[PDB]
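Below is one structure; the comments refer to it alone.
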Number of protein chains: 2
Amino acid sequence: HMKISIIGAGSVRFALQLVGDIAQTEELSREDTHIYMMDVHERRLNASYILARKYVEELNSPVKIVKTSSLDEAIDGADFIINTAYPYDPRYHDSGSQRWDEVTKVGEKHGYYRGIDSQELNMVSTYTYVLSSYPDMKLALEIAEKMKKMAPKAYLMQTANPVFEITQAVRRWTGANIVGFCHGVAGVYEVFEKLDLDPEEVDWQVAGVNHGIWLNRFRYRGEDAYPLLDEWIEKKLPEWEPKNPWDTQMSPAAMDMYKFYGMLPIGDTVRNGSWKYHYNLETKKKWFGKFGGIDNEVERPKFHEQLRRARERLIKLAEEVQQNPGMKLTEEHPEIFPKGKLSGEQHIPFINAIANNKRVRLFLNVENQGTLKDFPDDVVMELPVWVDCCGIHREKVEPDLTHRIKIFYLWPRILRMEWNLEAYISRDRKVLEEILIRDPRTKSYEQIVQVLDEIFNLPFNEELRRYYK
Amino acid sequence: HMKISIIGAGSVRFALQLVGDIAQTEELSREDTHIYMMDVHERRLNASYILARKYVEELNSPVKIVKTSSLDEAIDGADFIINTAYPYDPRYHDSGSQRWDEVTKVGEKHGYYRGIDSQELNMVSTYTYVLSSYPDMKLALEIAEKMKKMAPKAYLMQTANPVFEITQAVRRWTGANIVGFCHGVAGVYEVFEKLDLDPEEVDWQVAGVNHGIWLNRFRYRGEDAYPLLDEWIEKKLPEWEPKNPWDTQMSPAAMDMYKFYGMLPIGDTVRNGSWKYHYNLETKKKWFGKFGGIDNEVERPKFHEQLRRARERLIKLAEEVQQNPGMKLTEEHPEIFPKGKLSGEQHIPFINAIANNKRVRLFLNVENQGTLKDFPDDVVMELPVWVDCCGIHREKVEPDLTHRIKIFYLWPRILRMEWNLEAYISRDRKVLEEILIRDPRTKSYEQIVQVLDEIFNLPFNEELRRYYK
Ligand SMILES: NC(=O)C1=CN([C@@H]2O[C@H](COP(=O)(O)OP(=O)(O)OC[C@H]3O[C@@H](n4cnc5c(N)ncnc54)[C@H](O)[C@@H]3O)[C@@H](O)[C@H]2O)C=CC1
Ligand SMILES: NC(=O)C1=CN([C@@H]2O[C@H](COP(=O)(O)OP(=O)(O)OC[C@H]3O[C@@H](n4cnc5c(N)ncnc54)[C@H](O)[C@@H]3O)[C@@H](O)[C@H]2O)C=CC1
Ligand SMILES: O=C(O)[C@H]1O[C@@H](O)[C@H](O)[C@@H](O)[C@@H]1O
Ligand SMILES: O=C(O)[C@H]1O[C@@H](O)[C@H](O)[C@@H](O)[C@@H]1O
């Protein structure tokens, strides 16, 4: 009996991907595999459940799917708990992106471009919420404590943001068996494609923290391959153009960071630069090309609207499935319901490694434990690991990250994580103030007080306001 | 034979203090004690030598005093080398304070209040020079390398700023026997005086980095004494007034920092707060009282002019001594030439501990070596140590510094030291730029380039400009 529970199974960016992967993984697509779909949004949960059931049928998979509005029921005796939830106050909002949107506009009103949650080395939209990410950390810690009673052997597979802060806090404060998941390492394959390198011929490694990872080893035919990137920078960077707002891996910003740090930032790390690349939209367009990346006042609202429409369309699609049970989702919407191909995400490979000993190399957020020797043992890093039946085994990171990455990038970002955790556990508004006192956009202490006041006074922040009272 | 060499013996703030202390220390005031006074400024050196000789005579001390314009001669076979030098370009300036003054005004011209060298947790005027402190680190490293050849057993007693950065760099890059010296810990005695506590009855300890030290233990009659500070804050802080621009130990800023960190910052640490206390002069006056402290555009030029006049007066006084050899310096200028009382500084007690086994507790800048276990072994900290014939022995720091001091204060300041060292050893202007990219006062990258350009183009920065070319 194998219980895989998806907390936040109304999630538009994970739910069906996870079900499809499980149903197309030979060792997991069994009658003994029970997928629990749990969510607080009844319409989204019902929709996700209908689609998941129909989808699994078309894939001819025998997995059992259960829906529940009870967190306890989903956790009870689970083998794996995947946290993709994004809390929201249902009195005012329909999804969690709305609270970040609105607090961001309040931040900008008081002179914080892209909101107070956007900070140096932490520009990724929605990553933190009012610095300490109260609703998101609260939920993860609640899951962790229920787990230690009701599912001791379970892995908590943390996907909801902030992955770094939350994974650290749950590990440190509860010792629950939490592992943070993010696939930003996939950006390396674009580097290899742009440099005309067969990926199977590249000897590569990446290491760092979540959204702060670096191509520390990049070798080809028994030589350092970074000279090939130097040649690309000289000859092809002038003609580089982003295909869409998300396309930044080979951007001027990424290469400027590589020149300074000595290793290429990978994936969302490229979004998480210094303020040099982010002062305003015109600056973002210089360094990321025509869209200004995704983390700006034009493209991010556009993307969040796209997600809102997608949720709504999936609810209508589920109703169409109930009205037309003969329709084939895999035929009429192959983009949403792929068949044959796996998604490439790391969650189900991890489960199959633990449960079925299908050993695999993954990039996961786990305690350092000496892998990067200049950093504390207990600090959660995003590291190359091999996973199998019987443990998570860290690769030796070689070559080591450069001196400049350590002192100018990793340590400041790790300190920010500690600031954010202290802001949460202390319940002390003065810690939030201190974080903003280190913010380049702050002009005065009075400004800090006023922006936090207005954020805290938003109706949907009642619980947050009382937490810090 | 005991050779004590003062490098920068024209120093207005140390030279005569050191000579008077040596001449009034029984075990050192001997014919076998040779004090070498070395300086590049001929008139100041000649003046300091005349006054030192006359002074020692009036103290009836048999120490021999030698003057030399040769650094090599001063280092050769020295037992102790005290570095109080403050480099300057003699084509344009007469002393080292002038280059900092002028670069500060350039910084302010480009929108950096109190200059680019003033940073969060690093407001102390003149501490660094263009971030990496090129002339000051260059001299210290030169002394260190000459030492390892010409005076292997010597201690390099580093007093010139930046003490933290320089002591770290010399230790790490040369392994010379350097110890950093600063007496900011003396602020604790004001705390005890304001709280009506006999200092001999107080069980206290301080620890941190240079100008970043904290009253980690403060106990009285077998209880924590910090409640007595809480009572003073409630009852007497409203009436507190600074006696002069330097008086900050019991200021609103110091108490605001104590409330946040849980321990009282000591001495110049109180100057080295966040930008909360330093946005502008009006802000400084709110938090430090009527003068706005010493690190502002009114009081610092006043103080540097006072030092310039003092140097000039000592040169004239030496000429008066040559014209009137019967005058008694100890009678007509007891403030400059004290008799009987020692100065209370740590330099000569240290020498007497090493050379004569007069064991003493001092607060010195030495490698951490596990004393503060959450920090690297090799990072130079300002620590309570016992010094004797045969070593420097670190006290156990108990209680440990608070979590907030570690993550919000010590680690950021330690990272800044690493940034500044990297800026020096790399010879890479991009590192200086990155430091300013983390500066809250930066509005744009172009501003950074322009302010460094104008600083580098100052005539007296020719050597610095070529170093970074
Ligand atoms: N680690 C990674 O690779 C990535 C992280 N994320 C993050 O994953 C999370 C979800 O992202 P989206 O799919 O866009 O959000 P979503 O709003 O589409 O889905 C979140 C689901 O969680 C539900 N939910 C809210 N509170 C809940 C609670 N207490 N218990 C159970 N369910 C609850 C919501 O009703 C909703 O259905 C966010 O934190 C997002 O920032 C998003 C993309 C990739
Ligand atoms: N660690 C501590 O307790 C304190 C640190 N300081 C620092 O000590 C240093 C001196 O301070 P002041 O007495 O006010 O300066 P000062 O200008 O009065 O004396 C510096 C002396 O060093 C000489 N000098 C310059 N380059 C030299 C070189 N290559 N070799 C030999 N001598 C050289 C100068 O001619 C001058 O006579 C500064 O760095 C200052 O910031 C000042 C007060 C306390
Ligand atoms: O921008 C986004 O919404 C997402 O982008 C992905 O790349 C990040 O891994 C994830 O943390 C973000 O939530
Ligand atoms: O302000 C100053 O000039 C001096 O003040 C002292 O307290 C500091 O110890 C020293 O580093 C400074 O050089």
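Simple scheme: letters A, B, ... for chains in structure tokens order, numbers from 1 for residues in each chain, numbers from 1 for ligands in the order shown.
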
Residues near residue 112 of chain B, cut-off 12 Å, only C-alpha atoms, skip fewer than 2 positions along chain, as a CSV table (one decimal) with C-alpha atoms, in the first residue's frame:
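This went into out-v8.csv:
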```csv
chain,number,residue,atom,x,y,z
B,103,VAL,CA,37.4,61.7,-1.3
B,104,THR,CA,34.5,62.1,1.2
B,105,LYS,CA,33.5,65.4,-0.4
B,106,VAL,CA,33.7,63.8,-3.8
B,107,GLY,CA,31.4,61.0,-2.6
B,108,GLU,CA,28.9,63.5,-1.2
B,109,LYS,CA,29.0,65.4,-4.5
B,110,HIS,CA,27.7,62.2,-6.2
B,114,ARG,CA,29.6,61.0,4.4
B,115,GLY,CA,31.4,59.4,1.5
B,116,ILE,CA,31.4,56.0,0.0
B,117,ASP,CA,33.6,54.7,2.8
B,118,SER,CA,30.7,55.3,5.3
B,119,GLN,CA,28.6,52.1,5.1
B,278,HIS,CA,22.6,58.1,9.9
B,279,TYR,CA,20.4,59.1,6.9
B,280,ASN,CA,21.3,62.8,7.4
B,436,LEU,CA,28.6,50.1,-4.0
B,439,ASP,CA,25.1,50.4,-0.9
B,440,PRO,CA,21.6,51.8,-0.1
B,441,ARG,CA,22.6,55.2,-1.4
B,442,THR,CA,23.2,53.9,-5.0
B,443,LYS,CA,20.5,55.0,-7.4
B,447,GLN,CA,26.4,56.8,-10.6
B,448,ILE,CA,28.8,54.2,-9.2
B,450,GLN,CA,31.1,58.2,-12.1
B,451,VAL,CA,31.9,58.5,-8.4
B,452,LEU,CA,34.8,56.0,-8.6
```

Contacts of segment 217-219 of chain A at 8 Å or less, counting only C-alpha atoms, minus same-chain residues fewer than 5 places along, as a list in words?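 Close residues of segment 217-219 of chain A: residues 202, 203, 204, 205, 206, 224, 225, 226, 398 and 399 of chain A.
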
Per-residue DSSP, segment 179-390 of chain B, filtered to strand (DSSP E), as a compact mmCIF listing (two decimals) with N, CA and C atoms, in the first residue's frame:
```txt
# COMPACT_ATOMS: atom_id res chain seq x y z
N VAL B 179 49.02 41.62 15.46
CA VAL B 179 47.94 41.71 16.43
C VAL B 179 47.35 43.12 16.31
N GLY B 180 46.03 43.21 16.20
CA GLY B 180 45.37 44.49 16.05
C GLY B 180 44.99 45.08 17.40
N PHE B 181 45.17 46.39 17.53
CA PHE B 181 44.98 47.09 18.80
C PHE B 181 43.94 48.20 18.71
N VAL B 202 31.61 44.56 39.15
CA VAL B 202 30.90 44.13 37.96
C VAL B 202 31.67 42.99 37.31
N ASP B 203 30.97 41.91 37.01
CA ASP B 203 31.52 40.78 36.27
C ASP B 203 31.08 40.94 34.82
N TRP B 204 32.02 41.29 33.94
CA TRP B 204 31.65 41.71 32.60
C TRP B 204 32.60 41.11 31.57
N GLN B 205 32.11 41.04 30.34
CA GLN B 205 32.88 40.58 29.20
C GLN B 205 32.35 41.27 27.96
N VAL B 206 33.23 41.46 26.99
CA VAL B 206 32.89 42.05 25.70
C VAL B 206 33.56 41.21 24.62
N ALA B 207 32.90 41.11 23.47
CA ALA B 207 33.42 40.34 22.35
C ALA B 207 32.74 40.79 21.06
N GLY B 208 33.44 40.57 19.95
CA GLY B 208 32.92 40.88 18.63
C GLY B 208 34.04 41.02 17.61
N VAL B 209 33.89 41.95 16.68
CA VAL B 209 34.97 42.39 15.81
C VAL B 209 35.31 43.84 16.17
N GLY B 212 32.89 46.58 16.62
CA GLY B 212 31.70 45.77 16.52
C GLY B 212 31.64 44.81 17.68
N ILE B 213 31.76 45.36 18.89
CA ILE B 213 31.90 44.58 20.11
C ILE B 213 30.67 44.82 20.97
N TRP B 214 30.35 43.82 21.79
CA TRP B 214 29.08 43.75 22.48
C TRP B 214 29.31 43.33 23.92
N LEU B 215 28.55 43.92 24.83
CA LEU B 215 28.63 43.60 26.25
C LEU B 215 27.86 42.29 26.46
N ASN B 216 28.55 41.18 26.20
CA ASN B 216 27.87 39.89 26.20
C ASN B 216 27.61 39.40 27.62
N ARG B 217 28.44 39.78 28.59
CA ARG B 217 28.18 39.45 29.98
C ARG B 217 28.22 40.72 30.81
N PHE B 218 27.20 40.90 31.65
CA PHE B 218 27.09 42.10 32.48
C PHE B 218 26.34 41.67 33.74
N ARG B 219 27.09 41.41 34.80
CA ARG B 219 26.54 40.81 36.01
C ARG B 219 27.02 41.56 37.24
N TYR B 220 26.19 41.54 38.27
CA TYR B 220 26.40 42.34 39.47
C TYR B 220 25.72 41.64 40.63
N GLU B 223 23.81 38.40 39.81
CA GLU B 223 22.63 38.45 38.95
C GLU B 223 22.98 39.18 37.66
N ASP B 224 22.22 38.89 36.61
CA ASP B 224 22.26 39.69 35.39
C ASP B 224 22.02 41.15 35.75
N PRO B 265 25.83 47.49 22.45
CA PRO B 265 27.05 47.78 21.70
C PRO B 265 27.97 48.68 22.51
N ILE B 266 29.27 48.40 22.44
CA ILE B 266 30.27 49.09 23.25
C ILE B 266 31.15 49.95 22.36
N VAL B 360 48.35 40.13 31.92
CA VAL B 360 47.29 41.13 31.90
C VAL B 360 46.19 40.70 30.94
N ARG B 361 44.96 41.10 31.27
CA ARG B 361 43.81 40.89 30.40
C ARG B 361 43.68 42.06 29.43
N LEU B 362 43.64 41.75 28.14
CA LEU B 362 43.52 42.77 27.11
C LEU B 362 42.43 42.38 26.12
N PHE B 363 42.03 43.34 25.29
CA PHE B 363 41.04 43.12 24.24
C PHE B 363 41.71 43.40 22.91
N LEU B 364 42.01 42.33 22.17
CA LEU B 364 42.91 42.41 21.03
C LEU B 364 42.29 41.74 19.81
N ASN B 365 42.75 42.15 18.64
CA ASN B 365 42.26 41.59 17.38
C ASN B 365 43.16 40.44 16.96
N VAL B 366 42.65 39.22 17.14
CA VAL B 366 43.37 37.97 16.90
C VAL B 366 42.41 36.99 16.23
N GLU B 367 42.98 35.97 15.59
CA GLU B 367 42.16 34.98 14.90
C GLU B 367 41.19 34.32 15.87
N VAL B 380 39.56 37.38 12.05
CA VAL B 380 40.10 38.18 13.13
C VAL B 380 38.95 38.82 13.89
N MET B 381 38.90 38.56 15.20
CA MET B 381 37.90 39.07 16.11
C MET B 381 38.58 39.91 17.18
N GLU B 382 37.81 40.80 17.79
CA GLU B 382 38.27 41.55 18.95
C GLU B 382 37.81 40.80 20.19
N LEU B 383 38.75 40.22 20.91
CA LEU B 383 38.44 39.22 21.92
C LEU B 383 39.15 39.52 23.23
N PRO B 384 38.53 39.17 24.35
CA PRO B 384 39.24 39.20 25.62
C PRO B 384 40.29 38.11 25.67
N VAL B 385 41.53 38.50 25.93
CA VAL B 385 42.65 37.57 25.99
C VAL B 385 43.50 37.90 27.21
N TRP B 386 44.20 36.89 27.71
CA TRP B 386 45.24 37.07 28.70
C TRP B 386 46.58 36.92 28.00
N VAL B 387 47.48 37.87 28.23
CA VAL B 387 48.79 37.89 27.59
C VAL B 387 49.84 37.73 28.67
N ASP B 388 50.85 36.90 28.39
CA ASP B 388 51.96 36.72 29.31
C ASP B 388 53.21 36.45 28.49
```

Within 8 Å of ligand 2, which residues of chain B come that close, and what is the closest atom pair and distance in Å for each? Count only C-alpha atoms and all ligand atoms and give it as a tab-separated table.
```
residue	atom	partner	partner_atom_place_in_ligand_line	distance
B:7	CA	ligand 2	31 (C)	5.0
B:8	CA	ligand 2	22 (O)	3.5
B:9	CA	ligand 2	37 (O)	5.8
B:10	CA	ligand 2	37 (O)	3.4
B:11	CA	ligand 2	19 (O)	3.2
B:12	CA	ligand 2	18 (O)	4.3
B:13	CA	ligand 2	13 (O)	4.1
B:14	CA	ligand 2	13 (O)	5.9
B:15	CA	ligand 2	13 (O)	7.8
B:38	CA	ligand 2	31 (C)	5.9
B:39	CA	ligand 2	32 (N)	3.8
B:40	CA	ligand 2	32 (N)	4.9
B:41	CA	ligand 2	35 (O)	4.4
B:42	CA	ligand 2	35 (O)	7.9
B:44	CA	ligand 2	37 (O)	6.1
B:45	CA	ligand 2	37 (O)	6.9
B:69	CA	ligand 2	31 (C)	7.8
B:71	CA	ligand 2	30 (N)	6.6
B:83	CA	ligand 2	8 (O)	7.9
B:84	CA	ligand 2	9 (C)	4.7
B:85	CA	ligand 2	22 (O)	3.3
B:86	CA	ligand 2	20 (C)	4.2
B:87	CA	ligand 2	26 (N)	3.5
B:88	CA	ligand 2	25 (C)	5.8
B:94	CA	ligand 2	35 (O)	7.6
B:95	CA	ligand 2	17 (O)	4.7
B:96	CA	ligand 2	17 (O)	5.3
B:97	CA	ligand 2	17 (O)	6.5
B:126	CA	ligand 2	41 (O)	5.8
B:127	CA	ligand 2	41 (O)	6.0
B:136	CA	ligand 2	39 (O)	7.5
B:139	CA	ligand 2	29 (N)	6.1
B:158	CA	ligand 2	1 (N)	7.3
B:159	CA	ligand 2	1 (N)	4.0
B:160	CA	ligand 2	39 (O)	3.5
B:161	CA	ligand 2	39 (O)	4.1
B:162	CA	ligand 2	39 (O)	6.9
B:163	CA	ligand 2	1 (N)	6.3
B:180	CA	ligand 2	1 (N)	7.5
B:181	CA	ligand 2	1 (N)	5.4
B:182	CA	ligand 2	3 (O)	4.0
B:183	CA	ligand 2	3 (O)	5.8
B:184	CA	ligand 2	3 (O)	7.4
B:307	CA	ligand 2	14 (O)	7.0
B:308	CA	ligand 2	18 (O)	7.9
B:311	CA	ligand 2	18 (O)	7.0
```

At most 8 Å to chain A: residues in chain B, only C-alpha atoms, as JSON, numbers by chain
{"B": [260, 274, 275, 276, 279, 374, 376, 407, 408, 411, 412, 415, 418, 419, 430, 437, 438, 439, 440, 441, 442, 443, 444, 445]}

**Message:** Give me, as number ranges by chain, the residues of segment 171-415 of chain B that a backbone DSSP run labels helix (DSSP H, G or I).
**Reply:** B: 171-174, 184-194, 199-201, 226-235, 237-239, 252-261, 267-270, 275-277, 281-288, 299-323, 329-332, 347-356, 403-415

Here atom CA of residue 154 of chain A and atom CA of residue 81 of chain A stand apart by 6.9 Å

Can you tell me which residues surround residue 243 of chain A at a distance of at most 10 Å, considering only C-alpha atoms, apart from same-chain residues fewer than 5 positions away, and format the answer as a ChimeraX atom specification?
/A:248,289-291

Please produce a file of those selected residues containing N, CA, C and O atoms, as a CSV table (one decimal), in the first residue's frame.
```csv
chain,number,residue,atom,x,y,z
A,248,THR,N,16.0,33.8,-19.9
A,248,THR,CA,17.0,34.6,-19.4
A,248,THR,C,18.4,33.9,-19.3
A,248,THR,O,19.4,34.6,-18.9
A,289,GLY,N,16.8,41.8,-22.1
A,289,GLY,CA,16.1,41.9,-23.4
A,289,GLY,C,14.7,42.5,-23.3
A,289,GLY,O,14.3,42.9,-22.3
A,290,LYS,N,14.0,42.3,-24.5
A,290,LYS,CA,12.9,43.2,-24.8
A,290,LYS,C,11.8,43.1,-23.7
A,290,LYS,O,11.0,44.1,-23.5
A,291,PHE,N,11.6,41.9,-23.1
A,291,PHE,CA,10.5,41.9,-22.1
A,291,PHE,C,10.8,42.5,-20.8
A,291,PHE,O,9.9,42.8,-20.0
```

Shell around residue 424 of chain A at 12 Å using only C-alpha atoms, local window under 5 positions removed, as a list in words: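 Residues meeting the cut-off are residues 128, 129, 130, 131, 132, 133, 134, 135, 136, 137, 138, 141, 165, 166, 169, 173, 417, 418, 419, 429, 430, 431, 432, 464, 467 and 468 of chain A.
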
request  = Pick out the residues sitting within 10 Å of residue 242 of chain A, and hand them over as a PyMOL selection string; count only C-alpha atoms, and ignore anything fewer than 2 positions along from it in its own chain.
outcome  = chain A and resi 240+244-251+288-293

> Using only C-alpha atoms and all ligand atoms, which of the listed residues (A:101, A:21, A:395, A:345) sits closest to ligand 1?
Replying inline: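 Closest residue, counting only C-alpha atoms and all ligand atoms: A:345.
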
Shell of 8 Å around residue 77 of chain A, only C-alpha atoms, local chain residues under 5 positions omitted, as an MDAnalysis selection string
chainID A and resid 3 150:152 154

Of A:347, A:286, A:394, A:358, the one nearest to ligand 1 when counting only C-alpha atoms and all ligand atoms is A:347

Q: Identify, on the basis of only C-alpha atoms, every residue whose closest approach to residue 29 of chain B does not exceed 9 Å; exclude the query and any residue fewer than 4 positions from it along the same chain; express the result as a ChimeraX atom specification.
A: /B:22-25,33,61-63

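The gap separating atom CA of residue 64 of chain B from atom CA of residue 31 of chain B is 6.4 Å, in Å to one decimal.
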